[PDB]
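Working notes for the structure below.
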Amino acid sequence: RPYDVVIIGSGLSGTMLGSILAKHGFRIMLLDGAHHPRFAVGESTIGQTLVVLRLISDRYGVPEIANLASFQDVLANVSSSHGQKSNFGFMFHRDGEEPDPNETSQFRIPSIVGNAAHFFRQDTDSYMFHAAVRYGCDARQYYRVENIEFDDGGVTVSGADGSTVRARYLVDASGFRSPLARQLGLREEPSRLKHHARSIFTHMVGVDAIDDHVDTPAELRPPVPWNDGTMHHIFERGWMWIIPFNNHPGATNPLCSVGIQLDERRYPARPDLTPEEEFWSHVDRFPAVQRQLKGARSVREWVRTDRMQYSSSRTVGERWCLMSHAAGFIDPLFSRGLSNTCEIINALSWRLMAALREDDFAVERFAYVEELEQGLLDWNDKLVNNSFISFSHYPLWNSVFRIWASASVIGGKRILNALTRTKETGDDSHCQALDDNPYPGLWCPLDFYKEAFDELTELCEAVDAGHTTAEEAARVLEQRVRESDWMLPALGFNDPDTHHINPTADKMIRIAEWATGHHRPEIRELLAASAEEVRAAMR
Amino acid sequence: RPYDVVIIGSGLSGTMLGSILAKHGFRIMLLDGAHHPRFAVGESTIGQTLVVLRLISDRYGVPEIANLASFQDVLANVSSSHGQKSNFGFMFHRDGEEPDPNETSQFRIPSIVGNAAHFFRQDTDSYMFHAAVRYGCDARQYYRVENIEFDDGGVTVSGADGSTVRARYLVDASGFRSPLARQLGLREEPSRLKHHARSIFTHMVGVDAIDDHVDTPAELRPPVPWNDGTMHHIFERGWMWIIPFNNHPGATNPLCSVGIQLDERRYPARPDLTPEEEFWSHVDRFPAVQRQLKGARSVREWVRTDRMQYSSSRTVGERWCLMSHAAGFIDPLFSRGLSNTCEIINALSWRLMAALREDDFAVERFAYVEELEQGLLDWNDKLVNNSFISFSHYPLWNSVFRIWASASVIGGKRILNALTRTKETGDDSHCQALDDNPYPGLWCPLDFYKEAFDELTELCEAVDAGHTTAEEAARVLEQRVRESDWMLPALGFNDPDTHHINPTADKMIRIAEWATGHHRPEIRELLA
Ligand SMILES: Cc1cc2nc3c(=O)[nH]c(=O)nc-3n(C[C@H](O)[C@H](O)[C@H](O)COP(=O)(O)OP(=O)(O)OC[C@H]3O[C@@H](n4cnc5c(N)ncnc54)[C@H](O)[C@@H]3O)c2cc1C
Ligand SMILES: Cc1cc2nc3c(=O)[nH]c(=O)nc-3n(C[C@H](O)[C@H](O)[C@H](O)COP(=O)(O)OP(=O)(O)OC[C@H]3O[C@@H](n4cnc5c(N)ncnc54)[C@H](O)[C@@H]3O)c2cc1C
Ligand SMILES: [Cl-]
Ligand SMILES: [Cl-]
Numbered sequence: 014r015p016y017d018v019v020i021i022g023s024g025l026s027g028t029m030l031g032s033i034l035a036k037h038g039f040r041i042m043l044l045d046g047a048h049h050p051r052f053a054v055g056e057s058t059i060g061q062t063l064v065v066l067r068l069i070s071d072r073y074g075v076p077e078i079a080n081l082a083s084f085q086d087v088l089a090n091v092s093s094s095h096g097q098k099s100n101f102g103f104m105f106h107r108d109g110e111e112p113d114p115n116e117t118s119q120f121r122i123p124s125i126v127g128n129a130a131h132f133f134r135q136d137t138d139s140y141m142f143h144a145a146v147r148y149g150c151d152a153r154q155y156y157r158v159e160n161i162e163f164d165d166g167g168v169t170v171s172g173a174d175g176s177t178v179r180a181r182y183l184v185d186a187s188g189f190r191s192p193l194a195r196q197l198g199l200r201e202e203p204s205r206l207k208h209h210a211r212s213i214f215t216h217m218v219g220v221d222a223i224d225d226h227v228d229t230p231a232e233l234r235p236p237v238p239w240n241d242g243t244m245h246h247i248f249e250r251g252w253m254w255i256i257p258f259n260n261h262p263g264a265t266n267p268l269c270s271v272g273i274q275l276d277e278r279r280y281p282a283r284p285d286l287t288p289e290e291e292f293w294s295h296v297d298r299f300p301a302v303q304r305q306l307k308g309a310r311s312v313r314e315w316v317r318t319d320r321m322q323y324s325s326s327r328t329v330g331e332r333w334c335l336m337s338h339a340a341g342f343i344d345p346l347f348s349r350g351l352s353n354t355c356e357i358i359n360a361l362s363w364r365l366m367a368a369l370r371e372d373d374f375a376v377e378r379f380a381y382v383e384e385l386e387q388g389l390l391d392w393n394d395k396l397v398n399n400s401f402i403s404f405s406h407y408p409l410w411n412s413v414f415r416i417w418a419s420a421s422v423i424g425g426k427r428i429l430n431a432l433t434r435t436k437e438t439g440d441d442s443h444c445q446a447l448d449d450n451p452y453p454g455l456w457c458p459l460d461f462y463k464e465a466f467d468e469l470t471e472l473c474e475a476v477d478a479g480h481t482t483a484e485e486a487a488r489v490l491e492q493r494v495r496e497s498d499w500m501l502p503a504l505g506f507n508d509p510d511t512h513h514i515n516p517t518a519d520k521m522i523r524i525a526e527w528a529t530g531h532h533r534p535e536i537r538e539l540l541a542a543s544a545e546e547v548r549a550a551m552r
Numbered sequence: 014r015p016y017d018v019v020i021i022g023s024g025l026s027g028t029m030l031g032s033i034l035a036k037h038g039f040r041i042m043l044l045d046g047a048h049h050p051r052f053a054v055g056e057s058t059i060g061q062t063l064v065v066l067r068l069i070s071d072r073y074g075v076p077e078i079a080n081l082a083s084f085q086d087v088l089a090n091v092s093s094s095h096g097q098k099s100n101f102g103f104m105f106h107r108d109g110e111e112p113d114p115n116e117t118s119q120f121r122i123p124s125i126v127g128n129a130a131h132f133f134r135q136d137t138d139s140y141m142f143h144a145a146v147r148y149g150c151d152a153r154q155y156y157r158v159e160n161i162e163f164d165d166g167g168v169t170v171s172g173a174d175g176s177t178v179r180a181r182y183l184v185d186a187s188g189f190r191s192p193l194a195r196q197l198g199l200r201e202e203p204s205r206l207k208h209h210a211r212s213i214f215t216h217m218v219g220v221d222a223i224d225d226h227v228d229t230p231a232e233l234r235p236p237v238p239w240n241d242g243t244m245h246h247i248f249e250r251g252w253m254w255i256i257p258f259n260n261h262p263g264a265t266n267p268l269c270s271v272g273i274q275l276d277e278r279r280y281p282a283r284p285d286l287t288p289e290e291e292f293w294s295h296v297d298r299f300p301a302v303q304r305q306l307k308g309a310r311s312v313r314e315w316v317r318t319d320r321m322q323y324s325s326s327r328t329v330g331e332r333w334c335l336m337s338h339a340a341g342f343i344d345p346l347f348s349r350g351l352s353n354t355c356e357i358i359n360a361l362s363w364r365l366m367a368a369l370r371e372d373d374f375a376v377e378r379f380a381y382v383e384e385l386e387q388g389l390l391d392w393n394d395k396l397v398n399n400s401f402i403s404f405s406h407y408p409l410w411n412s413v414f415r416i417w418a419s420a421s422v423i424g425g426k427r428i429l430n431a432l433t434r435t436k437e438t439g440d441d442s443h444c445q446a447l448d449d450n451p452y453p454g455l456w457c458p459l460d461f462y463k464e465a466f467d468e469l470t471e472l473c474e475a476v477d478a479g480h481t482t483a484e485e486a487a488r489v490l491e492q493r494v495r496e497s498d499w500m501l502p503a504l505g506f507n508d509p510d511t512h513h514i515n516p517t518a519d520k521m522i523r524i525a526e527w528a529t530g531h532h533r534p535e536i537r538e539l540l541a
């Protein structure tokens, strides 16, 4: 009679979980206040999300999830309406000034982690919702949750329409408005998080490529276009994203995702301005951004937020789980959101199914999911807070950037090797061993990385508290980078004067040779391979 | 400052018009109570909408509109999420019986009118909205219109949010909930319309091809698959549509639009059943349909309507126009809605731009728009009412089917020829001349067609009233078909025994030969 699981929120987190549970013969109800199709933000993918999507798909036997793990599979299976992401781009702007071409950074994503996308979320979320319903999930859309009641036998969810849903377990896969977080008072008030930012964002038609509106010397031009990736316009205590859906030949979607993050402590609310007027007031500060957006028109009602950050004291209890985005949020910066979502679905799914099967809901079974959830948010907090502090001074940012981007290659390889070894042998142990790491939520959980990132964090926070200058901090971190032995030297991560990291087959072969003889066992374990093996992997 | 035009409704009708006006430099506001993306019904295209989309695009210089006129251009420019429509398929079903393979119709759409599509309307409507804004239309979404107030100088639209919009002209491009039709008391109550039907519809995943679930003898299989077009499951005083979006290799959209039309005088309201329950209670009547939909699951909240038909006493005034779907509606049958929409945009757009330029809003300039609006509805009403009556007797439907479909090529080539003339001469003259026909709103407005359709209508209504037998009507109409000289003989339209009309290159060439030396001037003018 009762549902096994009621999932509140029919976005990607809810429908990926619902697809896994429904495919394995469980009885699922998806509840959402909205109806597909609908706009959702969280558009840019990273290497980690790609490999973890593939990992979830293989581990739980849901092919539809692996179709989100590459630009090619999204186009072929979801819709034509998505953009490519070959790179992360960063460009510093000062008020009334042209951008300095020596204050840019680019990370071109290596082929081995896969081909990143700009997700048009209305289509990815419709796609996974249709998959969830096809696997046997029941759904109620335009369904507002008013009340959640727990007893010894399960949970009762009451709608505004006067109806009730009875289930054995509740997953809240909503956002800030999480009905469960409100019902149980799970929100930390005030929030423990150090990062401060509010947002203004929309979708625009007629956004130009930044590549066509900057006066850059031929030799300082990036190896791949800015417009082929996620462009980050950096300024004092804020940044603006430019995420085109039309940045490839014969792209059907003419839209561009556009938003600004502002630290609300340094940029106070302007309720006298409309969202759009406040957006353009920031555009008009930066001549090159003004030229890029000159013909850009909003095709949506603007979103303008207060401080966006939130955190929870508890994310799992008896017969309930708070999914990543319902538990906490930092910032769009670095697109950690969808990675965190995938880490939690991987860890939760087999634990929840074992609990449902045994009919045992002891919170002890979900202890790792709590630890991972809080760890992801706290590590994500430091990375973004460190970046926002560094935006005041490029030589400081320059260290943040290569420490972040180096870990993205080492971290991705770690998850890809585990997945590869699990497919070769059929032994799930290689994937389960990922959970046995000392730093749950850290994207590259190795002692030498933890130590480098702790020192980065200590110095950035010192700059923010006024204990040290951005210059002082930049000098110390630049020397540490220059003294490093682990920062993938063939790719240029250990060279502060290399601003555009451009992986090529030749450099990836050299990394494998460099790794073979390395004194660090983790470098050998993750990166060591013959020339022939690296070519075999790139086929 | 003031807008030139405020358009209420950001569906295709509103954004195609806003795109036209904004491209010609007029200042446009689009208001809508919803936000893109959003589901809309009206998914199947016909020859007439394709050729009139091409006409609008070429005549008003908006290329985006022409990308709706071809399955290939829809996939290349809108999104991958649309299906193909190679044909109209018709299958008769009786309660508890297998479909009779001698009680089916197919009209395969000829190359000349173009490649029809199954529109995933969330994507077409998003595309035209994006085009309209790019041309320079302003827009407010989640905007609920509370009051519309005209004066000598223009109109004021008041919003729930306490804001107002000032413009010189208002177009209502919404639907049945038209605020202009409501606030001005424009609705005919009761409606003058003869057709009666209510609807239940949704989008489903896991709908199979009917081709794979019927035991048809090889020699009675259609030239092209049923699943490659819009299938109509016909029964006593009702029909069901299957409009797949996945009916082509490497289709990205797995959904299928499914809906049932019921004459509510013959099938009274079942408020004891959920919409889904009432839908399945009709599926369970017909074993073949039941097998097709066996694994099908809905991905939307179901829509269930009361009687869907509505009409208006007036569709134009001083500084306002009621756009086709805001003015009236008959039925999804034969997909006339988007044709009606395109015809009105073609007739309205040049007159309106002339009025804005001259700052003269005398309603007499818009008299033809009114005549076309009411004419489309009246002719559409007869087409569908005649069809619903004929569903009781296949031999009678067989006559309705060929009289309707024979008009596709003839009415199609009429609009093509006018478009070709205007392209070569560069004179809008030859498109304006389409407004000078003697039967505004009739899809083939020639005396010999008007007379043939008039007789079909008189016989069908006499069957409905019980004055003439369905059998009597079928024999008289079968005789008129067999004795006709105009019903494109080479395609089999004049042959009641030809159920599957399959226009090939060989047959279309023969049509051209036969036309060249025809006694009727219209046949020569159109098909030679
Ligand atoms: C401005 C912004 C930018 C971001 N950018 C990125 C990025 O670039 N990359 C990235 O990886 N991540 C990004 N993120 C994070 C990203 O949004 C999430 O990680 C991702 O969308 C996960 O979505 P979800 O399925 O968990 O939930 P969502 O997609 O947020 O689903 C929320 C659902 O909750 C429902 N709901 C709410 N209240 C109720 C109720 N009472 N009853 C019923 N239903 C209810 C709503 O109807 C809605 O459908 C961004 C986030 C924000 C806010
Ligand atoms: C069940 C059904 C099936 C149909 N099937 C077909 C078919 O197969 N083929 C075909 O050619 N035609 C079909 N039609 C007809 C077709 O739907 C219309 O001709 C077509 O949608 C016209 O488009 P539009 O832009 O005028 O209106 P719509 O598509 O109805 O869009 C109207 C817009 O106005 C907005 N709006 C509505 N009310 C208000 C308000 N009060 N205030 C503000 N905004 C408002 C809506 O949010 C929406 O965005 C069908 C119609 C129905 C009802
Ligand atoms: Cl994020
Ligand atoms: Cl219609």
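In order, the protein sequence lines correspond to chains A and B. Residues 14 to 552 (the UniProt record's numbering) make up the first sequence, in order. Residues 14 to 541 (the UniProt record's numbering) make up the second sequence, in order. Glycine included, every Cβ here is placed at the ideal spot set by N, Cα and C.
{"Asked": "Can you say whether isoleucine 536(B) is buried or exposed, counting buried as having 16 or more other CB atoms within 10 angstroms of its CB?", "Found": "buried"}
{"Asked": "Does DSSP put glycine 166(B) in a helix, in a strand, or in coil?", "Found": "coil"}
{"Asked": "Under a Cβ-count criterion, where at least 16 other Cβ atoms within 10 Å of its own Cβ denotes burial, should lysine 98(B) be classed as buried or exposed?", "Found": "buried"}
{"Asked": "In three-state DSSP terms, what is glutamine 274(A)?", "Found": "strand"}
{"Asked": "Answer yes or no: does any C-beta atom of chain A fall closer than 8 Å to that of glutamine 135(B)?", "Found": "yes"}
{"Asked": "Distance cutoff 8 Å, beta carbons only. Does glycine 219(B) sit that close to anything in chain A?", "Found": "yes"}
{"Asked": "With a threshold of 7 Å, establish whether the CB of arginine 349(A) neighbours any heavy atom of ligand 3.", "Found": "yes"}
{"Asked": "Which of the three DSSP states is assigned to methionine 521(A) in this structure?", "Found": "helix"}
{"Asked": "Heavy atom of ligand 1 less than 7 Å from the Cβ of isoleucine 273(A), yes or no?", "Found": "no"}
{"Asked": "Grab me the residues of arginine 200(A)'s own chain with a C-beta within less than 7 Å of its C-beta, minus the 5 sequence neighbours each way, in chain order.", "Found": "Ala194, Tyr323, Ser325"}
{"Asked": "For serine 442(A), count neighbouring Cβ atoms within 10 angstroms of its own Cβ and tell me buried if that reaches 16, exposed if not.", "Found": "exposed"}
{"Asked": "With a threshold of 16 other CB atoms inside 10 Å of the CB of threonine 177(A), please say whether the residue is buried or exposed.", "Found": "exposed"}
{"Asked": "Ignore the nearest five residues each way along the sequence and tell me which others in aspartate 17(A)'s own chain have a CB closer than 8 Å to its CB.", "Found": "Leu34, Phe39, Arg40, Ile41, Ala180, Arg181, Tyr182, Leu369"}
{"Asked": "With 8 Å set as the bound, which would you pick, yes or no: does the beta-carbon of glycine 188(B) sit closer than that to a beta-carbon of chain A?", "Found": "no"}
{"Asked": "Which residues bound the alpha helix (DSSP H) around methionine 551(A)?", "Found": "544 to 551"}
{"Asked": "Excluding the 5 residues flanking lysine 207(B) on each side, which residues of the same chain have their C-beta closer than 7 Å to its C-beta?", "Found": "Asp394, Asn398"}
{"Asked": "Does ligand 2 have even one heavy atom less than 7 Å from the beta-carbon of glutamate 545(A)?", "Found": "no"}
{"Asked": "Using three-state DSSP, classify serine 32(A) as helix, strand or coil.", "Found": "helix"}
{"Asked": "Less than 8 Å between the beta carbons of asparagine 100(B) and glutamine 119(B), yes or no?", "Found": "yes"}
{"Asked": "Give a yes or no on whether the minimum CB-CB distance between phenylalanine 142(A) and chain B is below 8 Å.", "Found": "yes"}
{"Asked": "Would you say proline 112(A) and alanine 231(A) are within 8 Å of each other, going by their C-beta atoms?", "Found": "no"}
{"Asked": "Would you say the beta carbon of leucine 30(B) is closer than 7 Å to some non-hydrogen atom of ligand 5?", "Found": "What this structure holds is ligand 1, ligand 2, ligand 3 and ligand 4, not ligand 5."}
{"Asked": "Residues of the stretch 262 to 276 of chain B in Cβ contact with chain A at a cutoff of 9 Å, in chain order, please.", "Found": "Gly263, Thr265, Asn266, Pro267, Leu268"}
{"Asked": "Return no unless some Cβ of chain B is closer than 8 Å to the Cβ of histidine 131(A).", "Found": "no"}
{"Asked": "Skipping 5 residues on each side, what residues in its chain have a beta carbon closer than 7 Å to that of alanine 518(A)?", "Found": "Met551"}
{"Asked": "What do you get for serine 294(B), buried or exposed, if any count of 16 or more other CB atoms within 10 angstroms of its CB means buried?", "Found": "exposed"}
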